[PDB]
Structures are given as C-alpha cells and as structure tokens.
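Following: one structure in structure tokens, then a few remarks.
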Amino acid sequence: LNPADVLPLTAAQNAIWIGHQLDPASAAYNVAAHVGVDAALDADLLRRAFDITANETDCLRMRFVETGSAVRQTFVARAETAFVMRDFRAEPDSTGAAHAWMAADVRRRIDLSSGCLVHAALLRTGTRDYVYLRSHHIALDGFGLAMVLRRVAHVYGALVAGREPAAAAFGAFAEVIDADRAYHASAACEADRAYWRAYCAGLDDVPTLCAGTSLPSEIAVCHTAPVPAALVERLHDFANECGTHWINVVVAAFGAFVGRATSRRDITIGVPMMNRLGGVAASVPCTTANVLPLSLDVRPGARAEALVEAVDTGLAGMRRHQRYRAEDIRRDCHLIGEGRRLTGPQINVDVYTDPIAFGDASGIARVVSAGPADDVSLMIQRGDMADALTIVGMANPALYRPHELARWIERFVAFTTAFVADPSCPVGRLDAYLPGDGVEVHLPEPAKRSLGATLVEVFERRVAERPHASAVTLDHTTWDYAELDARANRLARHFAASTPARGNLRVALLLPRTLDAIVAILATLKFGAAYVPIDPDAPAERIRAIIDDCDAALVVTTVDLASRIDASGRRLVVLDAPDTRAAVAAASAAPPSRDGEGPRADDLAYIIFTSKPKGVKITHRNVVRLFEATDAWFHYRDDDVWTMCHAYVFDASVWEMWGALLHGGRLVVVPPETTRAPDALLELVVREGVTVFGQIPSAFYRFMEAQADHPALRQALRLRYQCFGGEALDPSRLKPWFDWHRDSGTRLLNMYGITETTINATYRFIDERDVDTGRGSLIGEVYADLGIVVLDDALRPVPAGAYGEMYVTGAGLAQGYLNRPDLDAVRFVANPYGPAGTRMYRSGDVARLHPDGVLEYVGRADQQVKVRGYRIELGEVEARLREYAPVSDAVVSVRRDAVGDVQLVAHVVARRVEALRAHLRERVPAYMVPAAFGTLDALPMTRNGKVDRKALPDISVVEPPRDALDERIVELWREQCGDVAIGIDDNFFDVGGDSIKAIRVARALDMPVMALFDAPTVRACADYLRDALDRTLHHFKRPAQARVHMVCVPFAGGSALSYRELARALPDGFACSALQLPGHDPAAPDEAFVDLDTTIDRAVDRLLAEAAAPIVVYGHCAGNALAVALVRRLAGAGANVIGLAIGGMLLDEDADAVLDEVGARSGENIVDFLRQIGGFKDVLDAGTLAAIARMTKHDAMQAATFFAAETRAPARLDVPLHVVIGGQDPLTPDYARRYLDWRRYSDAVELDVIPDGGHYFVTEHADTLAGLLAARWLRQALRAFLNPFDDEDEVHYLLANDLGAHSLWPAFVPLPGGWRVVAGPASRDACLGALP
Ligand SMILES: *P(=O)(O)OCC(C)(C)[C@@H](O)C(=O)NCCC(=O)NCCS
Ligand SMILES: N[C@H](C(=O)O)[C@H](O)Cc1ccc([N+](=O)[O-])cc1
Ligand SMILES: [Cl-]
C-alpha cells in the first residue's frame, strides 16, 4: 500500500535540504555544468531535448513541501524547462562573457517548492557553443548532470536528422528510495557505521590550509591551472612504477602537500565518492554522492611510493563502506558544532573523461559549481585534446582571496612535479612553499670588536687602566678594582696550596650572596678553573650530586654552610673561618698571570645546571664573545653602574656581573632579602644611582606596583637601560610606565636567551609605538655572531608568518652538557646551514618569523597543552588576563577534572572574580576561559626567580543560568533535547542537540541559525539577542585591533553589498561599514527613496555610537556626493573624521550642464550605458534591472544637483583626499591633470591609479584597491610539534665531525657538509648506544 505520488527524501536529500535552509539567501547548493563544442547548434531542437529529457527523469519533476508535525516531494504534471539563448559574439572577449553569465546564473537561488529544477542555456561565442545546465543539488549531483547532458546530446542528434531517439535508460527514483530505506535498516549500515566510528576515532582538529570556523555557505571562487604535458607524462610513468591509477598519485601528492604545508602528520582529505556503482542508483540521475574522510599519516620520513600505497588501500576501504552518509559520521563523532569538522580540503577521483557529442562535434563536460566550498577543493579535469589535464582550484571565498588561491595552486603544481621525481624520496625533503614565501635569516658574521681572550686578561686589563675606580658595592662597603683584584689573587694562591691538581679544574661554590662570592669567582677564574655555583638553600641531595658530577677539586663555602656538605673526602675551603681568613690575607696579592699561569679562551669558566638536572659547560670565549658582539647596539660605558639582583646559580648574574667588570663599571650586589621586597629595592636603586637594571618580567610587574605607591622615588631614577630576562614580555602591562618615563631617556631592552647559548641570543628595544599594537612578545633580531633559523618538523625552513622551533647556530653555543654526551648529540646537533663541522642547538621554543625579520616568541612546546578540541599556549592566556585593569600579573596551570580529560585553572594577583569572567568572554574564546580562579598575595618565586608552577595551591557539573532570559531559553532546549540537565555554557550538539533541532530553536528565537552552529551555547544565544537588539548602516567587520573605520558610500544603482568584496580584502587593521540607502535593496525595492540631507542626518546618529575608530569615508561614482556631505556634517558634529577617498569621479567643469543632461535621460538609459562599461553584469532578469534603473537616476540626479548647488568655490572641508581612478574608466578621461581640481576641497590631495581597472574597479579589482587604501591610510592554528630527533619509531644515523663531536641525525634528512656516518641506520636507542 505504498504510494507513488508523495515520497520521503533520501538521506542524501535530507542533508542538502538542511544546508539549503541555513542561509535562505544562498544559492550555494545549486549545481551547474556546461559542454563546450565547436559547431553551430540549433537552438529550438536543443530545448526540445532538454524538455524531453527532463520529463524522462524523476528528480527534475519534483517539488518539495513541509509536512509531518517532515519533508516530502511530489511530482508535477509537466517538466518546466527554463531555456535561454545568448550570443556574445559581439563582445571583444566573448568567451569571458559566457563564463561571466554562467557564474551569475548559478548564483540565483532556487525555490524548491517552485518545482523548477532545470535552468538551461545555449551560449554562443566565436569559437564554441556552450550547452549549459544548472539545477539544485538535491535533485542532481555532478554525475547526474553529466547523465542528463549525455541524454540531451543523444536526443538532439536524433532530432536534427529526424530519427526517433532511443528509449531512455533511466530507472525510477522511487526504487532508489526503497533501497536507501532498506540499507539504513540493514546490517551493512551498522557494519559500515562502526567501520567509520573506528576509523575516525582519533580525529580532532582536522587540518586546513587556513584557520576557519563557520560552515561554508557560499559559492566557490575559482582558479584554473593547466598541467604541463611533461608532468602528465610522468604521472602515468610514476603510476605504473607503483602499480596504480594516476589519479591515486595525485590524491597522494595533494595529501602530502597539505601535510607539508601545515607541517602536520595527521591529514584527513575529503574525497567525494560517486556511490553509484553496485546498485540501482547507477542508471538514475539523483544525488547519491558522499564526501568521506581519507586519513593519511604523512610522516616527514615516509617515502612517496609509500603514501601512494596508503591511498590505494584507504580508498579501497572507502569504496566498500561508501554507502554510509558522511553527515551521519559527523553526527556520530560529535564533529558538528563550534568550528568542528570531519573532512578538510577535498579532491576528486572521478574525472569526466568522456567527450559528449552534440551532432557532429564533441565536447567536454565541465562543472561550474558542485556545492558549497569548504576550505580548498581541487577538481581534476581534462581538455579538448587527448592526454591533457587541468587543475581547477575551488575555495571558500570568505577565507581565501583569488590571488591567495592562485598561489596555493602554483605551490601545489610545483610540489607535485617534485613529488613524482623519485618514488623513493621522503616527503620531508620536499617544501610545499615556494622561495618567494620565505624570509631572510641572519647568517653569523664575526664581531669586529675585541676585548681579549679570557675573562681574566680583560679584567686585568681594566685594573691597570683605572685601578681606583669603584668595582663592587655591598650595603655600605665599596672596593675599587685594585683591591678586588688583590683579594682574588690572594685567594687564588690559597687554592693552589690547597689542592695538588692542575689544569682546567672545577670548583664548587656554596655561598651566600656577598663579596666573598665575587672574590671566589674571580679567584677560581684566575686559577685556571671553572666555578660551579650551588644555592645555599638547595636540597642536600642536589649539593651532593653536583659535587660528585663535576668532580670538584675544591668546595668553597662558609662556616655555617659547611654543615650542608657530606664528609665524602672532598677538600673544603672555608672563607669566613678565622684561620683560613688569615692564611689568605698573608698570601701574595700578585696575579697568577705574573707567573705565566691562567686560563685559555677555550677552557671552561663556569658550569650552570638546569631543570634530572643537566649541567651546561661554558667557556671564557663564549662569555667575552657576548660582549664583543653587543657593543655595536648596546654601547658599553665605563661609567655605567650595574645591579646584581639574581642568584649566582642563574646565568643572569654572569651578565649583570661582567657587564660592569669588563668595562670599568661598579657592580651593586643586591641582597636577596631586599630583592624580594619591591619597595626597598626602588629605594636602593635610586639611592645608589644605578644605570643598568635587570629584572625578570614577573618581577618588574611587582616593581611598577611599587613605583606607583612612591612617586617621590620614581621621578628620581636615572636608568640608561631597563632590561628583561628569561620569560616573555607582555607589553600591554607597560602602559603606566611610559606615563612616567617616556621623556626620561631610559630605554627598554628585551633580551631572549637560554643558558645553552651563553645567557642571551637576541634584543629588541621596546618603544612607545609597539606597547599598544600587541604584535606578541617580540624578541627582536639576532646578535652579530649568532644565527637563528625557524624549522618545521622535517627540519625545513618555515615560510613567513608560520610556527616553528628555533635552532641557534652561532659561536655562543656551550661546549656541551656535563658527562651527558647523549644530550650533546640530540640537543647540539649537526648544522646544515653553516660551515662544515659546525653544530646547531635545539631550543624547543616555538617562534614565528615575520616578513620584516623580527622574531615573535610563542612559547616552549613541552608545556603547550590541549583542552577540548584545541591546543593552547598558556602564555597567550596569561596575557588575556593582564588586560583586565586591576589584574597585575597571573599564572595558569592545568589539572585533571573529576573523572575527565583536562581543564585550566588560574591564579591571579590583585593590585588595588566574576567581573574577570565577563571581561574575558568578551575578549577570548570559551575554550581559553580558565575553569576557576584563585586570589594570591604574590606568585611563588622559583629558585632562579621565575614563576614556580609546582608549588601553586591546588584549587579543586555545569554552570546554571543568570537572568530570566536564560532559563526561558533552557527549557526550550529541553523541549528539543529532553530532560537532560544542561548547563548555561554547554554545547548544544554534545547534549543531544540535533542538526534539525537547531533550526527549530533559532526559529523560536528569531535568530540566524548559523550564529548558533558557530556558537552553540545559550550564553552566546542570549548575548546575541540582548547585546544586539530599518538599518541605515551595514557593518561587515568591526575588529578589536582596528586603527581606521572605512565607511563606504555606494555608486549609482548599487547597494551596500557591493563593498563586501572590498571589506574582506581590507587588512584587519581596518573596520569596514557601508551605508544602505533606502529603496536600493533590489530584494526589498518597495520602500521609498529619500533625499540627501535625510540620509546624511540619520547616518550620523547611528554612526557616532557605532563608530569603532577614526573614520575614513570612501565614495565611488555618485556616492562621492553623499561622501563629502558626510565628512562635512561629521566635522561639525565633533567627530573624528581624518579623511576622504574618492573613487571613479572627477569634478565636472560645468555642473549646471550635467544636471540638465541627467534630468533629460531615463534611468533605463543611464543604466544601459553603465552596463556597456561593465556594470551590473550579474543582473539577469528584467525585473531587478528595472528596479536598478530607477535607483540609478535617483542617485545620479542627487549627485548632480549636489555638485551643481555648492559651486566651483565649495565649502572647504580641509582633510586629505585620496583620489583613486581606474585607467580604463571612460568617465574619468584626462585624469592626469584633472585630479588636481579636487584641491578645491583641501590642500593635500594625492592620486593613485589602477591602470587595467575600469569604472567598477571597486568590485572587480578590490584587492588592488585595499592595497592602495592601506598604503596611505594605514594565520593557521597552533599545532603539535613532533621533533624528529625525538621520534622513537623512525630510523636514525649517528654522525661525527673530524674534531670529535657526535650528533644524532634522522635518516630522511640529507647529510650536512662536515659530518660523517659512524653508525648505520638503526633506532634512536641503538645509535645513542654507539658513542664512545
Ligand atoms: P547537520 O548535522 O545535518 O549539519 C548541517 C550540515 C549543513 C553540516 C549538514 O547537513 C551537511 O553537511 N550538509 C551538506 C550535504 C552535502 O554537502 N552533500 C554533498 C555531498 S557530494
Ligand atoms: N638563559 C636564561 C633562561 O634559560 O631562561 C635567561 O633567558 C637568561 C637571562 C638573561 C638576561 C636576564 N636579565 O635580566 O637581564 C635574565 C635572564
Ligand atoms: Cl633524551
């Protein structure tokens, strides 16, 4: 008893239907294709064919209607055909007009209840006639269109010759529906289901070539690249070597290309599967297509032939299970929701290879739009000639500009060409990016300055010169250099009495911070030895272990601290012991150098330990090198006075020590008691007249808090420099500092370093400009004799603006780790960029390389965490919390929730909890918002002065509603989801929310449904309603980091939407709005035009409140009238208008005459002329063209009277004017001299030109325009860093240079110049097992 006349939708239909309702203004789900042929086709018989065939089908006889409260489809008495002929043979570019038409036609939405699914055409050009068909994706997919087109072709061919056409092979779509119902009740569905549930079990944050959230709801922007024959020939060769189709090689390359561009191992490619073979759908035009994940593991170590084989099998498994809807995979895996997705970029394995023959001439079937564009999609396509291939890029026009798309295709073709060169080559040797995309790196150059060889040579140099200059100060006591030198020389003779050992030795120091410790360092260095600091408060196990690890010849301590040392047999020197005190005083004060004994430059100086603990071996050369290479920018003065605020176990102390004593300055030992009390520190620094001052950023924040409460002192300062240490800066917190010392002359010096590169590797001067721009933590540029490269997980350089790990090549590299060669081998590694046997150092710190050459420090990758769905650096979040005014500093930790995965927790310190959340949700995404906070006096200081995250107090369901609005919504979600306790902040799709249930809600709330997908929390739902609620002014983007707000006035006949293509070609430095004149929406034409002064008046009111920045008004064609009238009426309103931009207009000599000319023409005449210069080319129906003609004359009459009224001596409005004319515009002739006629409105006018642009350049050339407008008036996501040197599963070489260093190296990377293989391919543990 099943009927024939009203049928349910298939599972494929039901999904297109939903997508069609999500943006009711969108044509995105239409489909279209054409067939070019060289022949003259009969127009009347061709529509007979379309109309015959359309009735031979079923899906094209359908109209759709809602019921069941689902959606049903009903047949129609007759198949409507919409057929048009258009002859472009009279335009100069006929072929480009035809493609222009087709691109416009496919952008007209279809009313599924209309019942009109067939819009066809015959488009005649000089070479080819194009047979064109569009429809809606619900009734046809790509392969269906081609079926219908082959049938039209057959019917046509018969009709010309008066033959009877052969019977249709088309089956009935009603038994496709039974089959679909059958399958979803079968076992195969529950098999296929669990195949994908497993296959996709891991998928999280699928990669894309651009970071994007919102679901694609718009037609693609295309680019078409021919493939060179040489490459086509090589794919078939490369394919036969691997035993597969050539099309699989291309999938493999494209998959490898995504991985190599994102530097990510987990790649998921969407593949449309035809899903027709094997069943009844083969013969029936319909939509069965399914876009499914292809997961590849793109290892930098993987050979090309291997990935091609992964594709071969992955697709094989896809084709087995392909009947299971990908939309249901996505619902099952909870990948529908906030920015979540199943498939990434797409490519097709189904190419239309069969020429379709209309009469005596064949053509190729080419597809204009198959669906909404998600990230990037490639479509393989053939040519009219045999063995010819072409790529068609298709992208989401919201995320990708047309030149950005062309670039990826250009990059890709070159990558493919390299990919098929050697099947045995690993992809990790291949670069996705082209040379133009890279940034020049600083190559190490020698430093032309010289001080000396060792530290003692250069220090002794300074005692000769100025022996009575002051050296060190502790509390009230001060010593000149000569006394300091003598005291050290005396203690260094005592060392030589107290051990027989000689050579480069190691002397452990357990000491308080006092002058004994300064003397003991110098003594150690004078004696030919290296100092090994230990903190007197260290745990006794660590003292024990350091001493044994360095095999101390001597241990130098005090009477009180000697009790912290075992009786192990080590020799001690106790400085404050009265007998030892005297034994040294009686010693000769002559230098050991006077006897010919001292360190060499390559001998060690100190060994500092990091966190088991690892010791770092530094040389005299390393340290003096630092200062030799920094004199250029830093300019060391002998009258500087430095500050030692940092423990001697931390290499800051080496910097702030030898900064004075190499150069002639006086060092101030700051007791640790006063360093942790920021007020007295400020007392002490001014009192003692300090110049150079080091601090760790978290400490400096506590320091300004003291500068606040004591203005007496802060204006008494005299600092040549203010320096920043081994954390990252958050310049946002520096606002109050420039409010004080902007004119003091004190610079701000930021220095990135790490203990393995000799204290510091980079410098930036922080000025008043870059505090509030917020470009991130900026570490500046590399020291002269160092170098830094930023590399991907394959050890290749990353392009401009991309994450990577920093590798420090240079001469500040430590000799290595103490007794850990295995660390020397995986940390200090062979250097491909540089001289033969040199080596590079893994920082493990993440960085971006910006195109100008500055480095942005992003964070240490060890500590990068992952919350639900997202990887986040804790340092970007700790910054977001310092923006909130009372927040001074903060720290974020992590903990494991209940019986759950992960959550964030923050500890903030005040200056002078729920208000923080509010400010935060307006700032950051919901995923960054810590779970719960805590109030703390200060932050746990670490032994070396950093934030101790291991001591933080541990501070251990979902949040309820707020106002009556919220609960009003919550019960509505239960209506759909049921009685499941939901939280205000919960996600709708995780709590049982269905894809359809979300339309029912956003209906009930009268809100766009895309809003809810992109943000499925009832908080965002409420906040959308109350915080938002006849719109005179249309906003495109109002970003937060916006300097300039561009308000745009449309041309004649245009709406505000004509600036959209500009608004998203404009950098995010700009905010862009357009004012919508009434009656100018061709969709709602039935309101009434208004005059100038009214529009201008109602546009200041909304615009004084809604302006996001200083305004720059843009005008085009007749909009320039309303533009100048705007800047003028703003200027008087007490508004921030800084300028005006004038497109496509020159002032007219006789304004009285244009006004008499315009009033004498019909709008229908004005528009027909604008259409011949290339306007309104996308308007294909007479009804809306009529509407536009009416607007056109209004806008023209209004502009003409305006410029007629105010004459040749206007009211001078006095701003700068940016005049932009297109060089092909017939309405701006003789522009070279005539632009100057705009001087009438102000003194400063400058011209820009777009030579190949015409009058409508604001649309066609928009990219070029934003380039101009930004010149004058003015990202991917965070990935996982998998370092190949740490990759257990790969194979490794162990290398050697001639001078005895060893390095681990991955097999897949080519060998560096000066390095030799000591151990054949093996595992990581094996290779490290082979070092002697
Ligand atoms: P809901 O879970 O159904 O999500 C809405 C959706 C728009 C994401 C979903 O309906 C969908 O993916 N529709 C697209 C259908 C489609 O594009 N078919 C073409 C396959 S070749
Ligand atoms: N190597 C250390 C680390 O590994 O974190 C720091 O980066 C070094 C440092 C340099 C300069 C200053 N300072 O204050 O001038 C403090 C700290
Ligand atoms: Cl290791």
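Every chain in the structure tokens takes a letter, A first, then B, and so on in the order presented; its residues are numbered from 1, and the ligands are numbered from 1 following the presented order.
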
Hey, which residues come within 10 Å of ligand 2 if we count only C-alpha atoms and all ligand atoms? Could you give them as a ChimeraX atom specification?
-> /A:610-611,643-646,650-656,692-697,699-700,722-728,749-762,843,944-946

Residues from the last selection, C-alpha atoms, saved as an mmCIF file, in the first residue's frame:
data_model
loop_
_atom_site.group_PDB
_atom_site.id
_atom_site.type_symbol
_atom_site.label_atom_id
_atom_site.label_comp_id
_atom_site.auth_asym_id
_atom_site.auth_seq_id
_atom_site.Cartn_x
_atom_site.Cartn_y
_atom_site.Cartn_z
ATOM 1 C CA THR A 610 69.150 23.422 34.519
ATOM 2 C CA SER A 611 65.898 21.553 35.139
ATOM 3 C CA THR A 643 72.865 45.720 39.567
ATOM 4 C CA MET A 644 73.214 42.083 40.599
ATOM 5 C CA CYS A 645 69.736 41.010 41.706
ATOM 6 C CA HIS A 646 69.895 37.376 40.579
ATOM 7 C CA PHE A 650 71.381 31.614 37.211
ATOM 8 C CA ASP A 651 73.314 32.971 34.261
ATOM 9 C CA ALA A 652 71.700 36.404 34.513
ATOM 10 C CA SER A 653 74.293 37.022 37.212
ATOM 11 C CA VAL A 654 77.111 36.457 34.727
ATOM 12 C CA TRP A 655 75.626 39.158 32.503
ATOM 13 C CA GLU A 656 74.999 41.744 35.198
ATOM 14 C CA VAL A 692 71.678 49.411 34.072
ATOM 15 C CA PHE A 693 68.978 47.379 35.775
ATOM 16 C CA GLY A 694 67.983 43.772 35.109
ATOM 17 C CA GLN A 695 64.637 42.218 36.014
ATOM 18 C CA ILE A 696 62.551 39.190 35.188
ATOM 19 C CA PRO A 697 59.169 40.312 33.709
ATOM 20 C CA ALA A 699 59.348 40.834 38.988
ATOM 21 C CA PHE A 700 59.172 44.071 37.012
ATOM 22 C CA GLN A 722 65.779 48.698 31.828
ATOM 23 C CA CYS A 723 66.217 45.053 30.945
ATOM 24 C CA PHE A 724 64.035 41.966 30.770
ATOM 25 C CA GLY A 725 65.030 38.367 31.322
ATOM 26 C CA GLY A 726 64.260 34.722 30.712
ATOM 27 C CA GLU A 727 60.490 34.990 30.460
ATOM 28 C CA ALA A 728 58.395 36.599 27.735
ATOM 29 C CA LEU A 749 65.678 46.366 26.448
ATOM 30 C CA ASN A 750 64.089 42.934 25.877
ATOM 31 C CA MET A 751 66.523 40.048 25.558
ATOM 32 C CA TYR A 752 65.685 36.430 24.752
ATOM 33 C CA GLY A 753 68.265 33.922 25.845
ATOM 34 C CA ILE A 754 68.857 30.394 27.004
ATOM 35 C CA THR A 755 71.666 29.019 29.209
ATOM 36 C CA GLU A 756 72.985 26.887 26.335
ATOM 37 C CA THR A 757 73.581 29.883 24.030
ATOM 38 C CA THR A 758 75.529 31.958 26.551
ATOM 39 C CA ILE A 759 72.943 33.984 28.504
ATOM 40 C CA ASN A 760 71.363 35.956 25.594
ATOM 41 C CA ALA A 761 70.599 35.432 21.903
ATOM 42 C CA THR A 762 68.502 38.452 20.777
ATOM 43 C CA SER A 843 65.805 25.302 21.963
ATOM 44 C CA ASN A 944 66.215 31.371 39.827
ATOM 45 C CA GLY A 945 63.456 33.988 40.060
ATOM 46 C CA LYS A 946 60.799 32.591 37.709
#

Step by step, measure atom-to-atom distances between ligand 3 and each residue using only C-alpha atoms and all ligand atoms, keep those at most 8 Å, then write them as an mmCIF file with N, CA and C atoms, in the first residue's frame.
data_model
loop_
_atom_site.group_PDB
_atom_site.id
_atom_site.type_symbol
_atom_site.label_atom_id
_atom_site.label_comp_id
_atom_site.auth_asym_id
_atom_site.auth_seq_id
_atom_site.Cartn_x
_atom_site.Cartn_y
_atom_site.Cartn_z
ATOM 1 N N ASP A 822 75.040 11.937 25.352
ATOM 2 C CA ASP A 822 73.784 11.623 24.687
ATOM 3 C C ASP A 822 72.915 12.857 24.517
ATOM 4 N N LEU A 823 73.008 13.810 25.444
ATOM 5 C CA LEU A 823 72.300 15.072 25.284
ATOM 6 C C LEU A 823 73.016 15.991 24.313
ATOM 7 N N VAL A 826 71.611 14.928 20.839
ATOM 8 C CA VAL A 826 70.238 15.254 20.452
ATOM 9 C C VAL A 826 69.855 16.696 20.716
ATOM 10 N N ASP A 1286 63.555 13.381 18.363
ATOM 11 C CA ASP A 1286 62.923 12.643 19.446
ATOM 12 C C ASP A 1286 62.020 11.509 18.983
#

Would you list, as number ranges by chain, the residues of stretch 549-667 of chain A that end up in alpha helix (DSSP H) under DSSP run on this structure's backbone?
-> A: 549-550, 578-585, 620-634, 652-661

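The neighbours of residue A:1326 here are the residues that come within 12 Å of it, using only C-alpha atoms and leaving out any residue fewer than 2 positions away in the same chain; they are residues 822, 1288, 1290, 1291, 1292, 1293, 1294, 1304, 1319, 1320, 1321, 1322, 1323, 1324, 1328, 1329, 1330 and 1331 of chain A.
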
Show me which residues sit within 8 Å of ligand 1 when counting only C-alpha atoms and all ligand atoms, and put them as a count of residues only.
-> 33

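Distance check against residue A:1226 using only C-alpha atoms: of A:348, A:1172, A:863, A:390, the minimum falls on A:1172.
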
Assign secondary structure with DSSP using the backbone only, and return the residues of stretch 488-666 of chain A in strand (DSSP E) as a PyMOL selection string.
-> chain A and resi 506-510+530-534+554-557+572-574+604-609+615-619+641-644+666

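Atom CA of residue A:245 to atom CA of residue A:284 spans 27.0 Å [interatomic distance, one decimal].
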
Using only C-alpha atoms, which of A:380, A:349, A:112, A:1123 sits nearest residue A:63?
-> A:112

Contacts between stretch 1201-1217 of chain A and stretch 1059-1129 of chain A, please, where a residue of stretch 1059-1129 of chain A counts if it comes within 8 Å (with only C-alpha atoms); show its shortest atom pair and distance in Å to one decimal, rows by chain and ascending number, as a tab-separated table.
residue	atom	partner	partner_atom	distance
A:1121	CA	A:1202	CA	6.5
A:1127	CA	A:1213	CA	7.6
A:1128	CA	A:1213	CA	6.0

If you count only C-alpha atoms, which residues fall within 12 Å of residue A:313, apart from same-chain ones fewer than 4 positions away, as a list in words?
-> residues 244, 248, 252, 294, 295, 296, 306, 307, 308, 309, 317, 318, 319 and 320 of chain A

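Proximity of A:42, A:71, A:57, A:417 to residue A:118, computed with only C-alpha atoms, is greatest for A:57.
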
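Closest to residue A:1279 among A:534, A:1138, A:1244, A:861 is A:861, based on only C-alpha atoms.
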
Surrounding residues of stretch 767-778 of chain A excluding itself and chain neighbours under 4 positions, 12 Å, only C-alpha atoms, as an mmCIF file with C-alpha atoms, in the first residue's frame:
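See out_34.cif below for the written result:
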data_model
loop_
_atom_site.group_PDB
_atom_site.id
_atom_site.type_symbol
_atom_site.label_atom_id
_atom_site.label_comp_id
_atom_site.auth_asym_id
_atom_site.auth_seq_id
_atom_site.Cartn_x
_atom_site.Cartn_y
_atom_site.Cartn_z
ATOM 1 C CA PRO A 697 59.169 40.312 33.709
ATOM 2 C CA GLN A 722 65.779 48.698 31.828
ATOM 3 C CA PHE A 724 64.035 41.966 30.770
ATOM 4 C CA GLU A 727 60.490 34.990 30.460
ATOM 5 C CA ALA A 728 58.395 36.599 27.735
ATOM 6 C CA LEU A 729 57.198 40.184 27.871
ATOM 7 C CA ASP A 730 53.549 41.211 27.797
ATOM 8 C CA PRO A 731 53.988 44.867 26.697
ATOM 9 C CA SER A 732 50.281 45.512 27.419
ATOM 10 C CA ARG A 733 51.235 45.902 31.077
ATOM 11 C CA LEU A 734 53.758 48.662 30.235
ATOM 12 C CA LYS A 735 51.114 51.406 29.775
ATOM 13 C CA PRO A 736 51.685 53.066 33.185
ATOM 14 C CA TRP A 737 55.469 53.021 32.694
ATOM 15 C CA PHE A 738 55.513 55.345 29.692
ATOM 16 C CA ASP A 739 53.063 57.523 31.622
ATOM 17 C CA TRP A 740 56.151 58.204 33.814
ATOM 18 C CA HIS A 741 59.481 57.705 31.978
ATOM 19 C CA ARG A 742 58.562 58.470 28.330
ATOM 20 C CA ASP A 743 60.799 61.569 28.411
ATOM 21 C CA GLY A 745 65.501 58.819 28.204
ATOM 22 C CA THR A 746 65.553 55.340 29.725
ATOM 23 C CA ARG A 747 65.205 52.716 27.021
ATOM 24 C CA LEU A 748 63.515 49.335 27.478
ATOM 25 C CA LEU A 749 65.678 46.366 26.448
ATOM 26 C CA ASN A 750 64.089 42.934 25.877
ATOM 27 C CA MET A 751 66.523 40.048 25.558
ATOM 28 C CA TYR A 752 65.685 36.430 24.752
ATOM 29 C CA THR A 762 68.502 38.452 20.777
ATOM 30 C CA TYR A 763 67.462 42.022 21.591
ATOM 31 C CA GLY A 801 54.281 34.036 9.443
ATOM 32 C CA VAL A 846 58.274 27.935 19.403
ATOM 33 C CA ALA A 847 58.587 31.035 17.263
ATOM 34 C CA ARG A 848 57.082 32.843 14.311
ATOM 35 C CA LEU A 849 59.202 34.577 11.653
ATOM 36 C CA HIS A 850 57.528 37.773 10.447
ATOM 37 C CA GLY A 853 62.744 39.675 10.024
ATOM 38 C CA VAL A 854 61.637 40.156 13.632
ATOM 39 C CA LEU A 855 61.031 37.036 15.710
ATOM 40 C CA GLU A 856 57.954 36.510 17.864
ATOM 41 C CA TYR A 857 58.492 34.176 20.835
ATOM 42 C CA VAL A 858 55.383 31.952 21.214
ATOM 43 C CA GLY A 859 56.423 29.560 23.999
ATOM 44 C CA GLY A 875 51.247 32.462 27.804
ATOM 45 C CA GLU A 876 48.685 33.883 25.406
ATOM 46 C CA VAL A 877 46.062 33.282 28.101
ATOM 47 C CA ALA A 879 48.233 37.888 28.772
ATOM 48 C CA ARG A 880 44.463 37.974 28.217
ATOM 49 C CA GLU A 883 44.294 43.322 30.112
ATOM 50 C CA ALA A 1040 39.206 44.866 18.041
ATOM 51 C CA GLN A 1041 42.683 45.821 16.723
ATOM 52 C CA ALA A 1042 41.292 48.395 14.240
ATOM 53 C CA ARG A 1043 43.050 51.715 13.607
ATOM 54 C CA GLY A 1069 43.803 46.941 10.585
#

Who sits within 8 Å of residue A:144, only C-alpha atoms, same chain under 2 positions skipped, as a PDB file with C-alpha atoms, in the first residue's frame:
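So result.pdb came out as:
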ATOM      1  CA  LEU A 140      21.240  16.006  -9.099  1.00  0.00           C
ATOM      2  CA  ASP A 141      24.901  15.603  -8.295  1.00  0.00           C
ATOM      3  CA  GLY A 142      27.830  16.114 -10.636  1.00  0.00           C
ATOM      4  CA  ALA A 146      26.540  14.584 -16.924  1.00  0.00           C
ATOM      5  CA  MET A 147      23.971  11.812 -17.359  1.00  0.00           C
ATOM      6  CA  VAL A 148      21.283  14.332 -18.297  1.00  0.00           C
ATOM      7  CA  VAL A 284      19.049   7.076 -12.160  1.00  0.00           C
ATOM      8  CA  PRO A 285      20.028  10.773 -12.120  1.00  0.00           C
ATOM      9  CA  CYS A 286      19.912  11.896  -8.492  1.00  0.00           C
ATOM     10  CA  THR A 287      22.282  12.850  -5.676  1.00  0.00           C
TER      11      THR A 287
END

Distance query residue A:602 at most 10 Å, only C-alpha atoms, self and fewer than 6 positions along chain excluded, as an mmCIF file with N, CA, C and O atoms, in the first residue's frame:
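Once everything was written out, this is selection01.cif:
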data_model
loop_
_atom_site.group_PDB
_atom_site.id
_atom_site.type_symbol
_atom_site.label_atom_id
_atom_site.label_comp_id
_atom_site.auth_asym_id
_atom_site.auth_seq_id
_atom_site.Cartn_x
_atom_site.Cartn_y
_atom_site.Cartn_z
ATOM 1 N N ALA A 453 91.152 37.579 25.225
ATOM 2 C CA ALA A 453 90.938 36.151 25.028
ATOM 3 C C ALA A 453 90.048 35.573 26.120
ATOM 4 O O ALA A 453 88.955 35.076 25.835
ATOM 5 N N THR A 454 90.507 35.632 27.365
ATOM 6 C CA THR A 454 89.756 35.149 28.508
ATOM 7 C C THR A 454 89.182 36.316 29.294
ATOM 8 O O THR A 454 89.391 37.483 28.969
ATOM 9 N N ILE A 618 80.318 26.139 29.865
ATOM 10 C CA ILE A 618 80.578 27.393 29.166
ATOM 11 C C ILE A 618 82.066 27.699 29.241
ATOM 12 O O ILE A 618 82.753 27.335 30.202
ATOM 13 N N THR A 619 82.553 28.390 28.217
ATOM 14 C CA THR A 619 83.949 28.757 28.066
ATOM 15 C C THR A 619 84.112 30.262 28.191
ATOM 16 O O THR A 619 83.169 31.032 27.999
ATOM 17 N N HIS A 620 85.326 30.659 28.573
ATOM 18 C CA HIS A 620 85.712 32.064 28.545
ATOM 19 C C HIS A 620 85.340 32.722 27.228
ATOM 20 O O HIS A 620 84.742 33.804 27.214
ATOM 21 N N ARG A 621 85.705 32.088 26.111
ATOM 22 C CA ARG A 621 85.408 32.648 24.797
ATOM 23 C C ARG A 621 83.925 32.934 24.637
ATOM 24 O O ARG A 621 83.548 34.001 24.147
ATOM 25 N N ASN A 622 83.074 31.981 25.025
ATOM 26 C CA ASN A 622 81.631 32.174 24.933
ATOM 27 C C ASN A 622 81.194 33.471 25.596
ATOM 28 O O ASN A 622 80.373 34.214 25.048
ATOM 29 N N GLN A 815 80.055 24.300 25.136
ATOM 30 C CA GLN A 815 80.818 23.112 24.771
ATOM 31 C C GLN A 815 79.960 21.856 24.804
ATOM 32 O O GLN A 815 80.209 20.916 24.043
#
